[PDB]
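Student:
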Amino acid sequence: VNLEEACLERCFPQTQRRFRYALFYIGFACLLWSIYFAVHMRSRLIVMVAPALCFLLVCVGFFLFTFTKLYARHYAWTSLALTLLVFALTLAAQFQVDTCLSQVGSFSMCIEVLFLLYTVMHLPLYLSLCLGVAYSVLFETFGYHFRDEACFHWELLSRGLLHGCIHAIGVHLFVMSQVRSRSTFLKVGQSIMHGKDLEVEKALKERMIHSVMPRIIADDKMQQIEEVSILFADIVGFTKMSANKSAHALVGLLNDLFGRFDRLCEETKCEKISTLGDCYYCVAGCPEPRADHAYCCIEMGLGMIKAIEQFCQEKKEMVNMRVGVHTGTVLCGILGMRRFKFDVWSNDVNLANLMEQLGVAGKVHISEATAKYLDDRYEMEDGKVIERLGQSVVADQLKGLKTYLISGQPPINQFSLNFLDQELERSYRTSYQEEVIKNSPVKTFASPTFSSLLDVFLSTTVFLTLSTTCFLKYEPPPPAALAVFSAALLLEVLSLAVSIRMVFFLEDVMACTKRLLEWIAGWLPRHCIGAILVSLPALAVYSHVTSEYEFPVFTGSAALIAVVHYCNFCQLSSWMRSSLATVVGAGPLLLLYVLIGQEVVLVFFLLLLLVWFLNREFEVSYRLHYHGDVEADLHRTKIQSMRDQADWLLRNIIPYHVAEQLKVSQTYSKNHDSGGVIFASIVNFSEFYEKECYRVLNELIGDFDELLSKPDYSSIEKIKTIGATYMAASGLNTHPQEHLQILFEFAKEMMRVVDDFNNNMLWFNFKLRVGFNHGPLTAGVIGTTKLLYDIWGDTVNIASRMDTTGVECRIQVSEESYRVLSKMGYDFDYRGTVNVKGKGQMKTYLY
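Numbers 98 to 194, 215 to 269, 278 to 345, 386 to 574, 745 to 810, 815 to 889, 894 to 937, 977 to 1072, 1079 to 1122, 1130 to 1242, taken from full-length UniProt numbering, label the letters of the sequence shown in order.
1) Could you compute how far the alpha carbon of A1142 sits from the alpha carbon of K1106?
2) Would you say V1065 and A1194 are within 9 Å of each other, going by their C-beta atoms?
3) Determine the contact status of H1017 and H319, defining contact as a CB-CB distance below 9 Å.
4) Would you report the Cα separation of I859 and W918, rounded to the nearest angstrom?
5) Tell me, please, which residues DSSP counts as bridged to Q1207.
6) Does the beta-carbon of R487 have 16 or more other beta-carbons within 10 angstroms, so that it is buried, or is it exposed?
7) Using three-state DSSP, classify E391 as helix, strand or coil.
8) If the criterion is Cβ atoms closer than 9 Å, does the pair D322 and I1021 meet it?
9) So, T1179 versus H413, is the Cβ gap smaller than 9 Å?
10) Let's see if you can read the secondary structure: which residues bound the alpha helix (DSSP H) around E1133?
11) Below 8 Å on the Cβ atoms is my guess for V896 versus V221; work out the distance and round it to an integer in Å.
12) Considering only residues of the same chain and omitting the five flanking positions on each side of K773, which have a CB-CB separation below 8 Å?
13) Please say whether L996 and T163 have beta carbons closer to each other than 9 Å?
14) Check whether the region 322-331 touches the region 485-501, taking contact to mean three or more Cβ pairs, one atom from each stretch, closer than 8 Å.
15) Per DSSP, which one or two residues make a beta bridge with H530?
16) Does DSSP put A560 in a helix, a strand or coil?
17) Under the three-state reduction of DSSP, which class applies to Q749: helix, strand or coil?
18) One question on the structure: do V1148 and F1061 come within less than 9 Å of each other, judged by their Cβ atoms?
19) Measure from the alpha carbon of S223 to the alpha carbon of each residue in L988, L1163, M1156, then state which is nearest.
20) Over the uninterrupted beta strand (DSSP E) stretch that includes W1187, give me the two end residues.
21) Taking C-alpha atoms, which residue in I978, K1162, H1039, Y1008 lies nearest to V136?
22) Between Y538, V558, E533, which lies nearest to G548 when the distance is taken from Cα to Cα?
23) Out of curiosity, what's the CA-to-CA distance linking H1039 and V337?
24) Whole angstroms is fine: what's the gap from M1115's alpha carbon to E1069's?
25) If you draw a straight line from the alpha carbon of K778 to that of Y446, how long is it in whole angstroms?
26) Would you mind giving the Cβ-Cβ distance between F134 and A149, rounded to the nearest angstrom? I have them listed as a contact below 8 Å.
27) Shorter than 8 Å, the distance from the beta carbon of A901 to the closest heavy atom of the ligand SAM, or not?
28) Just verifying my parser: in three-state terms, what is the DSSP assignment at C867?
29) In angstroms with no decimal places, state the Cα-to-Cα distance between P339 and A173.
30) Using C-beta distances below 6 Å, list every residue in its chain close to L793, excluding the 5 sequence neighbours before and after it, in chain order.
31) Report the residue from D427, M483, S302 whose alpha carbon sits nearest the alpha carbon of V1002.
32) Output the boundary residues of the beta strand (DSSP E) element that contains residue 891.
33) Contact between the region 394-407 and the region 515-531: three or more CB pairs below 8 Å?
34) Would you kindly report the start and end of the unbroken alpha helix (DSSP H) that includes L105?
35) Taking a contact to mean a Cβ-Cβ separation below 9 Å, would you say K434 touches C461 in this structure?
36) Compute the beta-carbon to beta-carbon distance between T1109 and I1089, rounded to the nearest angstrom, for a pair I have assumed lies under 8 Å.
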């Protein structure tokens, strides 16, 4: 009931203006009648024109009531108060009747007041219908009882059918007027709610975009920006933190730790690329060409050491940082269509990663290139990596590069009734045509197809009842009367059958009649049939007139309703209906007469003005209703696009099995008893690389991304891509090791397209080493304002070890995975032993 109040207060300006215009019209009707009463009814003046002028003063008082704040609270009461007064005046004016007035004048007083109460007063259905019928029945009762004999069965039935028509038109007019207003208010409410939901989801999509891309990239496909300082950090001691701590608690610690990193990164105003497990590597100087990149990178790197001690002293941990800095040229951009993220690729990045591996815990490690951009603002210490770690495999490729360490510091025109935007107006014309075309179901009472059904039905019952009274008078009728009525009846039943078939769409329909049914729904053909349909009651009356006219009171009284019937078919243009009513529903009677003559001209002018005005008001109600519909549809198609974009970019960050949980809790955590991770890197790209070469790399990843869309790889969800390496995981959503089999086929299919893609290259084939290991892994979502899904653990780090110790297009596998891979029947070869941290020399078999 609160929304009904909300409907009423929003629609109140319409009701207030509608009531005010009724006040103007009734006073105008009272004034014009008084002038006519003053000239042709001079026999009794003070008893006839004084109520007219007194009621005119009442309208001014009622107009004064409108501005009052009390009227806004009880506008229904004021309309009810006027209704009784206008009822009393018309019945009193009918009470009296060169001293006699024709009834057609009184009938207009009954008709015009009835239309005002039903349509332009916004009173309830039960009150308006009961008051209208009670006023009508008392109008007829007073007329029959108080008739004059000095001047002037089936006759009584004719009066009821005539009054039956106006009430039928009146309730039809008011119900649809109510239906459009309620529908327009609702669709406006949905539109304003859709718009509010659009802003909250447009920001959500931007937040999803910012989770994989920086702000500057999001403004709008690769770059060759040089002089870029690359950070690298490692959580030395995560393996200790890995054991004897719960998964949710574990991801909580890193969420605060990386969140602390994210905050200080914002303080450093640098860019964070991604967090590879415990590693946190971030770039400076790209894509924005910042010149202080080295000094910021040193600052956050030392800040990370400062942050970890604060982090250690808060939740009581024992961990440190191994920071590595190397500046130089770098490549930036996006690879892939799914799980695509901003990343940096160069030999500098690997050396920057290598520098982090050559660092010492709690110390920032820098390159010689970085030292060139560093002044004495910090302390310089010799790197001393050669004697710290000996001549190890990691230290072989330093290639004589000296290194250093750092410790700290309403569009409708009033006249023509058209939409101001011509494109909207054109769509409005074809709306009924396309509504039939799409076969849209009848949703509400304001549907254009349903609206036509009742308009045709109302034109039916009005035409028969109006014609019934005319035939009751004759009970020889002229042949023109029978022929017109039969043709009108023949047209009416076919038009009614068209309306029901346009709504109900019976199974007897075929394509042939559908084409013409759509054809009829067009603007011009509907006006061609509609104008005749509207005029059908009008020609019914004028079919019964002959040369023996000199009969006149009945035809005039019946013609009062034929012009009244013209308010029906609201879908048709109001100007055509209003003009046709003047020319074909009122015109034929006016020149037929050519004081009774002066009275009829005044009577029809008042009715035509009311008919013209009501057609004006209900047309803009219909036009504004369609405006509300198209805006709601326009907002619904804009909310679905944002729905698709936000969901797709959510899939760009987290897989399916994570979206539901993030809808329940702000943090995600899960441990895995058995989990396989795939690492696939490209070697000969460096030989191919010399930005122009990386475009070929992008389509290669896009070809790899097409492997994920295959129905047989729905259990595999990639994690991310770093450099030329592709990281995929199988078993997160979980034969006990069926995920591994799909993962192995993914790696095999991975080189299959690699060899297939090499066929399109000129004298250059690509390379792909794949590592494989399965076991316990922990995953989770990192960040609050920037989401990030990644998996880390012993199996992940050992998986990357297998790519580093990799060979040509050959799937390196661990002993643990070989325990279950060779059982099924996979043909596997042996290679030997490689260096593995945490397990010593590892027995590595191969595909």
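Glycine included, C-beta positions come from ideal geometry on N, C-alpha and C.
Tutor: Taking the coordinates as given:
1) Here the question's residue 1142 lines up with position 747 in the sequence shown. Here the question's residue 1106 lines up with position 718 in the sequence shown. Taking the straight line from one Cα to the other gives about 12 Å.
2) As a first step, residue 1065 is located in the sequence shown; it is residue number 683 there, counting from the start. As a first step, residue 1194 is located in the sequence shown; it is residue number 799 there, counting from the start. No, they are not a contact pair.
3) Indexing the sequence shown from 1 puts residue 1017 at position 635. Indexing the sequence shown from 1 puts residue 319 at position 194. Contact flag set, yes.
4) Position 520 of the sequence shown holds residue 859. Position 575 of the sequence shown holds residue 918. If I take the Cα positions, the gap works out to 20 Å.
5) The residue labelled residue 1207 in the question sits at position 812 within the sequence shown. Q1207 pairs with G1166, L1241.
6) Against the sequence shown, residue 487 aligns to sequence position 322. So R487 ends up on the buried side.
7) Position 226 of the sequence shown, counted from the first residue, corresponds to residue 391. Coil at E391, not helix or strand.
8) The residue labelled residue 322 in the question sits at position 197 within the sequence shown. The residue labelled residue 1021 in the question sits at position 639 within the sequence shown. Cβ distance < 9 Å, so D322 and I1021 count as in contact.
9) Here residue 1179 refers to the residue found at position 784 of the sequence shown. Here residue 413 refers to the residue found at position 248 of the sequence shown. Result no, Cβ atoms of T1179 and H413 do not sit closer than 9 Å.
10) Working through the sequence shown from its first residue, we reach residue 1133 at position 738. Start and end: 1133-1153.
11) Looking up residue 896 in the sequence shown gives position 553. Looking up residue 221 in the sequence shown gives position 104. Taking the Cβ atoms as the reference, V896 lies roughly 6 Å from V221, within the contact range of under 8 Å.
12) Here residue 773 corresponds to residue number 438 of the sequence shown, with the count starting at 1. Nothing meets the Cβ criterion.
13) Numbered from its first residue, the sequence shown carries residue 163 at position 66. Numbered from its first residue, the sequence shown carries residue 996 at position 614. It is not a contact, given that the beta carbons lie outside the stated cut-off.
14) no
15) As a first step, residue 530 must be located in the sequence shown, where it is residue number 365. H530 is bridged by DSSP to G489, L570.
16) As a working note, residue 560 is residue 395 in the sequence shown. Coil, per DSSP.
17) For the purposes of this step, residue 749 is taken as residue 414 along the sequence shown, with counting starting at 1. In the structure shown, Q749 sits in coil (DSSP, three-state: anything other than H, G, I, E or B).
18) Taking the sequence shown and counting its residues from 1, one reaches residue 1148 at position 753. Taking the sequence shown and counting its residues from 1, one reaches residue 1061 at position 679. No, the pair does not count as a contact, with Cβ atoms beyond the cut-off.
19) The residue given as residue 223 occupies position 106 in the sequence shown. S223 has its Cα closest to that of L988, out of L988, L1163, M1156.
20) One-based indexing of the sequence shown puts residue 1187 at position 792. Per DSSP, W1187 belongs to the beta strand (DSSP E) from 1184-1187.
21) Here residue 136 corresponds to residue number 39 of the sequence shown, with the count starting at 1. That would be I978, whose Cα lies nearest to the Cα of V136.
22) Taking the sequence shown and counting its residues from 1, one reaches residue 548 at position 383. The shortest Cα separation from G548 among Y538, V558, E533 belongs to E533.
23) One-based indexing of the sequence shown puts residue 1039 at position 657. One-based indexing of the sequence shown puts residue 337 at position 212. Straight-line measurement puts the Cα of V337 at about 19 Å from the Cα of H1039.
24) Here the question's residue 1115 lines up with position 727 in the sequence shown. Here the question's residue 1069 lines up with position 687 in the sequence shown. Rounded to whole angstroms, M1115 to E1069 spans 22 Å at the Cα level.
25) Along the sequence shown, read from residue 1 onward, the residue named residue 778 stands at position 443. Along the sequence shown, read from residue 1 onward, the residue named residue 446 stands at position 281. If I take the Cα positions, the gap works out to 57 Å.
26) Counting from 1 along the sequence shown, the entry for residue 134 is found at position 37. Counting from 1 along the sequence shown, the entry for residue 149 is found at position 52. Right, their Cβ atoms sit about 7 Å apart.
27) This structure lacks the ligand SAM, and indeed carries no ligand of any kind.
28) In the sequence shown, residue 867 corresponds to position 528, counting from 1. It is helical.
29) For this step, residue 339 is matched to residue 214 along the sequence shown. For this step, residue 173 is matched to residue 76 along the sequence shown. Spanning the two alpha carbons is a distance of roughly 59 Å.
30) By one-based count along the sequence shown, residue 793 stands at place 458. So the qualifying residues of the chain are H297, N911.
31) Here the question's residue 1002 lines up with position 620 in the sequence shown. When each option's Cα is compared against that of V1002, the closest is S302.
32) In the structure shown, the chain runs from 889 directly to 894, leaving residue 891 without coordinates.
33) yes
34) Stepping through the sequence shown from its first residue, residue 105 is reached at position 8. Annotation for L105: the continuous alpha helix (DSSP H) segment containing it runs 99-137.
35) Reading the sequence shown from its first residue, position 269 is the one you call residue 434. Reading the sequence shown from its first residue, position 296 is the one you call residue 461. The answer is yes: Cβ separation under 9 Å.
36) Numbered from its first residue, the sequence shown carries residue 1109 at position 721. Numbered from its first residue, the sequence shown carries residue 1089 at position 701. Cβ atoms of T1109 and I1089 come within 8 Å of each other, at about 6 Å.
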